[PDB]
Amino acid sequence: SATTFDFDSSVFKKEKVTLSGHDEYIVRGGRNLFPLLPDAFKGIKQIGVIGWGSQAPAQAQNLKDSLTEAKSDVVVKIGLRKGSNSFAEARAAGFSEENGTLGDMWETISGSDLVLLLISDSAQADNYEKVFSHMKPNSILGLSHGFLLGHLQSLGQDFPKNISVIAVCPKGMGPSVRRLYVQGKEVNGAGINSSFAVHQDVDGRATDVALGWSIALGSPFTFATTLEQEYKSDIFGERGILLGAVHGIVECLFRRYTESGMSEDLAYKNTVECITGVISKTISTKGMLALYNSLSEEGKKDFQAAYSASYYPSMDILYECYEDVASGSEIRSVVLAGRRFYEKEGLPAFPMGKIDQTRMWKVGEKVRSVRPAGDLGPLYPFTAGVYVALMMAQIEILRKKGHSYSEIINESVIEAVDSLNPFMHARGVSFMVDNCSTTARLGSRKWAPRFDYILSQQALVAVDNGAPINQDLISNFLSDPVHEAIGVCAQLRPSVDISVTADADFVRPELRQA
């Protein structure tokens, strides 16, 4: 198999980055590159953005803003299903019928040269035939996730032969893709790193169309992957460290700390504030080694106890999750879950419920109500040990399963600290989880409890039984080749940190609060 993926661009400058001795080719972003968009989008008069979930709002606005700066005539039109209640939001964002930029999803698909299929993954699974039948012959279908390929594989099917199929997948939530891009207007751009794939190419334009799309989104750097590598790492990652695992970790630790006498206020600060504050900030620009080195000598011992006890139990669940994603089990569960959002078989509809109305999140609201701006959070050693052990276990699973370092680092490190965690610091777990896709929201709900239980049952029990510290795990962490690679990727990161607060209006409508 191939771990790395090279490509050719006649429009953009390809650059090499060496990660742990592995050369990987990438394309750096920047607003200065916007003038190249017309060349990248040759043969494209209309880009049809289908859906208005978490990705579409952001991608559509970023694309339009970029094309406007490039003085391009390419039309970005939003296509929505008939029963959609998102038309008003699209108009608020500047897409409307009077400009010819908002309409029916099928009619939009039919008139598009590039179709960005940004509807729920389960919807793609149950509606691809109609999407295919409406595509113009020789046009381009773009995905932001490889999920549909996994679903087609389960049916022994593939995409039509007469269209190109590409993907540009932002390694961060839609609200962050938009917000960072907006903050980037003051400098030479900002955004969320993206992976791209060229599954099918029927005319030779696929690579540059994908790269142009990514650059237009504001991606600081774009790296190559395949649809399969993307869905395997992605469906897994959100269930792992990005959403599911971090949620399970904070629930498990908050409970342990409060059981042990720590006040609810302090337990919240020592879990959520710690992880979303100092831990993320340090890992974002300095790395995990700098984080460990910022602990006191006694703190390193507590970190070691937590890391040593948490590493394998975390890996157990991650390993399970990854295999369920690769086998097709998880993809099928997501497809069936989407159908259960509606009544059928004489049974009720079961839309996703709220995940932040419980004890620790109610405490979180109180902590934040009186939290001053600029609070960095405490660096509680035990919490850092559990969190970093899970991050390292995820990295190891992805390496052993065959993913590139650019994919591994974005999916297990960069995304958590530069995109997601800032939302949980701002307004709790829901503000983070629920601003992600339906697939990610379902995944977080399904797997967070698994991480909570295994850490409580195994890791914490080991610590309370005086288990010896597995110093080999600690040494492995300290000498891990991923650290240098994380540093290399960090040099590609714009000097703009996402600014998001609780009353942010650039999030899903249902998540807006004031």
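From 1 onward, residues are counted along the sequence shown.
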Legend entry - Given 128-136 and 247-255, the range whose Cα B-factors average higher in the PDB entry: 128-136
Inset, instruction - Read off the CA B-factors in the entry, average them over 372-380 and over 315-323, and name the higher stretch. - result: 372-380
Legend entry - Candidate residues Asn476, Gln55, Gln61, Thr68, the one whose C-alpha B factor the record puts highest: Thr68
Inset, instruction - Sort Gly277, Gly83, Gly240, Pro220 by C-alpha B-factor from the entry and give me just the highest. - result: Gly83
Inset, instruction - Could you tell me which third, lowest, middle or highest, the C-alpha B-factor of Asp480 occupies within its chain? - result: middle
Legend entry - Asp73, C-alpha B-factor rank within chain (lowest, middle or highest third): highest
Inset, instruction - Comparing against every modelled residue in the chain, figure out the third that the C-alpha B-factor of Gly364 lands in (lowest, middle or highest). - result: middle
Inset, instruction - Looking at the entry's B-factor column for C-alpha atoms only, identify whether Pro351 ranks in the lowest, middle or highest third of its chain. - result: highest
Inset, instruction - For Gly385, return the chain-relative third of its C-alpha B-factor as stated in the PDB record: lowest, middle or highest. - result: lowest
